[PDB]
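S.K.: One structure is given below, represented as structure tokens, and several questions about it will come after.
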Amino acid sequence: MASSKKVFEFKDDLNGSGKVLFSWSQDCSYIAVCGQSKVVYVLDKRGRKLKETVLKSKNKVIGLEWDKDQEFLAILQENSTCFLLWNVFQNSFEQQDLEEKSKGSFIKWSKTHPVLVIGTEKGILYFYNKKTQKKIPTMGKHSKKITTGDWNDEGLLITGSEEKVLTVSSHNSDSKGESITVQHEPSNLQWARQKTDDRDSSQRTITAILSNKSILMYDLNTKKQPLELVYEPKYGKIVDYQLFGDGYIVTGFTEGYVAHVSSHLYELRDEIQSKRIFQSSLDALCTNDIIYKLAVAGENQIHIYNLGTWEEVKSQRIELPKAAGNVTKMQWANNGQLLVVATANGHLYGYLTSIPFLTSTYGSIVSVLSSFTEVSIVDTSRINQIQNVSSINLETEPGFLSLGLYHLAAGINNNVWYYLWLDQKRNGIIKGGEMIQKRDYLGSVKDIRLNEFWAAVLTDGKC
């Protein structure tokens, strides 16, 4: 059992005490962080600074987002008259103005298409096209300050304003749906694939939070009215809710209570499951469907939870420092390998949770990466028991692994490492891995194969 490893810890010395915004790259490689020190800096997955920058204004960052190509970071500050696109690789500034000297209130990039929406306090929505860097204004969609916004995989912008109005805009700036009359203020916009038996339904459901008290549901298929899912007074005001699996909702509340409901309309009205986690207060919660874990933060600790049987995973519980305060934001990678923590006092933490290890097999012999710094070869000759593993040291972490009768091949992008046991003949005593030859290629290593006396390397166009 590999416990949660605190790989990197950063304090308010470089982040700033307050509500910190951290953004994952879509390839789950580089992690951008900015809090109250106005410093936006990107770290590697293990916590090494790569590119650092400082904003011109002293306003707190209210919006930080990676673009679709993971090349530009969009940053909007507290009531700023402009916003900044920062090329991380080029480390280059470009400032986009807000028309009529409007105060910045919301920004969000289309996670699949090159469209960036900026909403101001006047209700005007500006659509920024990156391929031509052109602005399309839309006035009158919202009559008050825009409060919440989100994007879908299809790239449909959902925006909820103070006038209890939800509006959806497409890529061509076409409004998908008229002004929706909802009971109370919508917030925490999210796009969900609703639980339907027919498995040909696209992800189009809009799930939001009403007045920080209820959960609002909206669907497109049959033009059904938005539904106000009400929660018990013991729950109180909602802290947050997360969507997991094929359309299910898990929500946390102020008294350490958590509720699990199925997004199916026939089963949404009644709470399917309820559980008590904390007794004083709750900080936040987040889900990961690939690694199948629910992380609920409270009282400066992280509780890991199962979602099928809902067993409390005590093994992966994390004890956060007290000075961090109530946790404000929490997110894994898209694959769920590494988890990033931002709290109300500017603290930033990185923990190792899943990191699945690669396995490749030759005849009756398999390989297990185990820790990233080494690779253990595993013998499965006998039945019901496993022979002794043999550890081989590594410096670079490959994404491809291949096993032969004697050699072991470890391949990362355009780099190949080879290892051998003893020197041909009969193995007998097994020796440590030897760096026989470091191989480099002009192209990427698509696939690696190794019989015994020869080896084959694949590149995007040539073997």
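In terms of the authors' numbering, the sequence shown opens at residue 1 and continues consecutively. In this text, a Cβ means the ideal position worked out from N, Cα and C, and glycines have one as well.
#1: Identify the continuous alpha helix (DSSP H) that holds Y266 and give its terminal residues.
#2: Among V457, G325, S3, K275, whose alpha-carbon lies nearest the alpha-carbon of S402?
#3: Evaluate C463 with the Cβ neighbour count: other Cβ atoms within 10 Å of its Cβ, from every protein chain shown; 16 or more gives buried, anything less gives exposed.
#4: Select from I277, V416, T361 the residue whose C-alpha is nearest the C-alpha of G399.
#5: Can you tell me whether DSSP reads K322 as helix, strand or coil?
#6: Is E52 helix, strand or coil when you go by DSSP?
#7: For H264 versus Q273, is the C-beta distance shorter than 7 angstroms?
#8: With DSSP run on the structure shown, which of helix, strand or coil describes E99?
#9: Taking 7 angstroms as the threshold (C-beta atoms), are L125 and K141 in contact?
#10: As a quick exercise: from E312, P114, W86, pick the residue whose alpha carbon is nearest that of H171.
#11: Within 10 Å of its beta-carbon, does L76 have 16 or more other beta-carbons around it, so buried, or fewer, so exposed?
#12: Nearest to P321 by CA position, among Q331, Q337, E299, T328, is which residue?
#13: Residues bridged to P137 by DSSP?
#14: Is DSSP giving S376 helix, strand or coil here?
#15: Measuring CA to CA, which of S29, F10, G119, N152 is closest to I355?
#16: Taking C-alpha atoms, which residue in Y349, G160, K58, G245 lies nearest to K195?
#17: Between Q279 and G256, how many whole angstroms is the CB-CB distance? I'm expecting something under 8 angstroms.
#18: Taking the CB atoms as reference points, tell me whether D379 and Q387 lie closer together than 7 angstroms.
#19: Below 7 angstroms between beta carbons: does that hold for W332 and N288?
#20: Kindly give me the distance between the Cβ atoms of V389 and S371, rounded to whole angstroms, as I take these residues to be in contact under 8 angstroms.
#21: Looking only at its own chain, which residues have a Cβ that is under 7 angstroms from the Cβ of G236, when we skip the five neighbours before and after it?
#22: Whose C-beta lies closer than 6 angstroms to the C-beta of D153 among residues of the same chain, with five residues either side of it excluded?
#23: Here's the rule I'm using: 16 or more other beta-carbon atoms within 10 Å means buried, otherwise exposed. How should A2 be labelled?
#24: Can you name the start and end residues of the beta strand (DSSP E) that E71 belongs to?
#25: Can you tell me the Cα-Cα spacing of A284 and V296, whole angstroms?
#26: Would DSSP call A295 helix, strand or coil?
#27: Compute the beta-carbon to beta-carbon distance between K135 and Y128, rounded to the nearest angstrom, for a pair I have assumed lies under 8 angstroms.
#28: Given a threshold of 16 other Cβ atoms within 10 Å of its Cβ, counted over all protein chains shown, does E65 qualify as buried or as exposed?
#29: Please report the Cβ distance between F106 and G63, rounded to the nearest whole angstrom; I am assuming they are in contact, meaning their Cβ atoms lie under 8 angstroms.
#30: Assuming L43 and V33 form a contact by the criterion Cβ under 8 angstroms, report the distance between their Cβ atoms to the nearest whole angstrom.
#31: Skipping 5 residues on each side, what residues in its chain have a beta carbon closer than 8 angstroms to that of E271?
#32: In its own chain, which residues sit with a C-beta less than 8 angstroms from the C-beta of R426, not counting the 5 before and 5 after it?
#33: May I ask which residues mark the beginning and end of the beta strand (DSSP E) holding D150?
#34: When the distance is taken between beta carbons, is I429 closer than 7 angstroms to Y418?
#35: In the structure shown, what three-state DSSP assignment does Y305 receive?
#36: Grab me the residues of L422's own chain with a C-beta within less than 6 angstroms of its C-beta, minus the 5 sequence neighbours each way, in chain order.
M.R.: On the basis of the data shown:
#1: Along the sequence shown, one-based indexing puts residue 266 at 266. For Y266, the enclosing alpha helix (DSSP H) stretches over residues 265-268.
#2: Start at 1 with the first residue of the sequence shown, and residue 402 comes out as number 402. For the residues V457, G325, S3, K275, the minimum Cα distance to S402 belongs to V457.
#3: By one-based count along the sequence shown, residue 463 stands at place 463. Looking at its Cβ environment, which holds fewer than 16 other Cβ atoms inside 10 Å, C463 is exposed.
#4: One-based indexing of the sequence shown puts residue 399 at position 399. Minimum Cα distance to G399 is reached at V416.
#5: Sequence index remark: in the sequence shown, residue 322 carries index 322 (1-based). In this structure, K322 counts as helix in the three-state DSSP scheme.
#6: Counting from 1 along the sequence shown, the entry for residue 52 is found at position 52. DSSP places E52 in strand when its eight states are reduced to three.
#7: Here residue 264 refers to the residue found at position 264 when the sequence shown is read from its first residue. Here residue 273 refers to the residue found at position 273 when the sequence shown is read from its first residue. Note that the C-beta distance between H264 and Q273 is not below 7 angstroms.
#8: To locate residue 99, count along the sequence shown from 1; it is residue 99. If DSSP states are grouped into helix, strand and coil, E99 belongs with the helices.
#9: In the sequence shown, residue 141 corresponds to position 141, counting from 1. In the sequence shown, residue 125 corresponds to position 125, counting from 1. Cβ distance < 7 angstroms, so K141 and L125 count as in contact.
#10: Translated into positions along the sequence shown, residue 171 becomes position 171. With distances taken between Cα atoms, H171 lies closest to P114.
#11: Within the sequence shown, the letter at position 76 stands for residue 76. Buried.
#12: Locating residue 321 in the sequence shown gives position 321, counting from the first residue. Of the listed residues, the one whose Cα sits closest to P321 is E299.
#13: Reading the sequence shown from its first residue, position 137 is the one you call residue 137. The bridge partners DSSP lists for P137 are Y126.
#14: Walking along the sequence shown from the start, residue 376 turns up at place 376. DSSP places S376 in strand when its eight states are reduced to three.
#15: Reading the sequence shown from its first residue, position 355 is the one you call residue 355. Looking at the Cα atoms, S29 is the closest of the given residues.
#16: If you number the sequence shown from 1, residue 195 lands on position 195. Looking at the Cα atoms, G245 is the closest of the given residues.
#17: Residue numbering aside, residue 279 sits at position 279 when the sequence shown is read from its first letter. Residue numbering aside, residue 256 sits at position 256 when the sequence shown is read from its first letter. The pair is a contact, with the Cβ atoms about 6 angstroms apart (cut-off 8 angstroms).
#18: Looking up residue 379 in the sequence shown gives position 379. Looking up residue 387 in the sequence shown gives position 387. Closer than 7 angstroms, so yes.
#19: Within the sequence shown, the letter at position 332 stands for residue 332. Within the sequence shown, the letter at position 288 stands for residue 288. It is a contact, given that the beta carbons lie within the stated cut-off.
#20: For the purposes of this step, residue 389 is taken as residue 389 along the sequence shown, with counting starting at 1. For the purposes of this step, residue 371 is taken as residue 371 along the sequence shown, with counting starting at 1. Incorrect: roughly 12 angstroms between the Cβ atoms, too far for contact.
#21: Taking the first residue of the sequence shown as position 1, residue 236 is located at position 236. Cβ within range, chain order: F253, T254, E255.
#22: Here residue 153 is taken as the residue at index 153 of the sequence shown, counted from 1. If we look at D153 and ignore the five residues flanking it on each side, its Cβ neighbours are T112, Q203.
#23: Counted from its first residue, the sequence shown places residue 2 at position 2. Exposed: under 16 other Cβ atoms inside 10 Å.
#24: Your numbering for residue 71 matches position 71 in the sequence shown. Taken as a continuous stretch (DSSP letters only), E71 belongs to no beta strand (DSSP E), as it is neither H nor E.
#25: Walking along the sequence shown from the start, residue 284 turns up at place 284. Walking along the sequence shown from the start, residue 296 turns up at place 296. A straight line joining the alpha-carbon of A284 with that of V296 spans about 6 angstroms.
#26: Numbered from its first residue, the sequence shown carries residue 295 at position 295. In the structure shown, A295 sits in a strand (DSSP, three-state: E or B).
#27: Counted from its first residue, the sequence shown places residue 135 at position 135. Counted from its first residue, the sequence shown places residue 128 at position 128. About 6 angstroms; that satisfies the 8 angstroms criterion.
#28: Indexing the sequence shown from 1 puts residue 65 at position 65. Buried, because 16 or more other Cβ atoms sit within 10 Å of the Cβ of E65.
#29: Residue numbering aside, residue 106 sits at position 106 when the sequence shown is read from its first letter. Residue numbering aside, residue 63 sits at position 63 when the sequence shown is read from its first letter. Right, the Cβ-Cβ distance comes to about 7 angstroms (below 8 angstroms), so this counts as a contact.
#30: Here residue 43 refers to the residue found at position 43 of the sequence shown. Here residue 33 refers to the residue found at position 33 of the sequence shown. 7 angstroms between Cβ atoms; contact.
#31: Numbered from 1 along the sequence shown, position 271 holds the residue referred to as residue 271. Here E271 has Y231, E232, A259, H260, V261 as same chain residues with Cβ atoms under 8 angstroms from its own Cβ, once five neighbours each way along the sequence are excluded.
#32: Here the question's residue 426 lines up with position 426 in the sequence shown. Closer than 8 angstroms at the Cβ level, and outside the excluded window around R426, lies no residue.
#33: Position 150 of the sequence shown holds residue 150. Start and end: 146-150.
#34: Along the sequence shown, one-based indexing puts residue 418 at 418. Along the sequence shown, one-based indexing puts residue 429 at 429. For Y418 and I429, no; Cβs fall outside 7 angstroms.
#35: As a working note, residue 305 is residue 305 in the sequence shown. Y305 falls in the strand class under three-state DSSP.
#36: The residue given as residue 422 occupies position 422 in the sequence shown. Once the five neighbours on either side are set aside, the close Cβ partners of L422 are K431.
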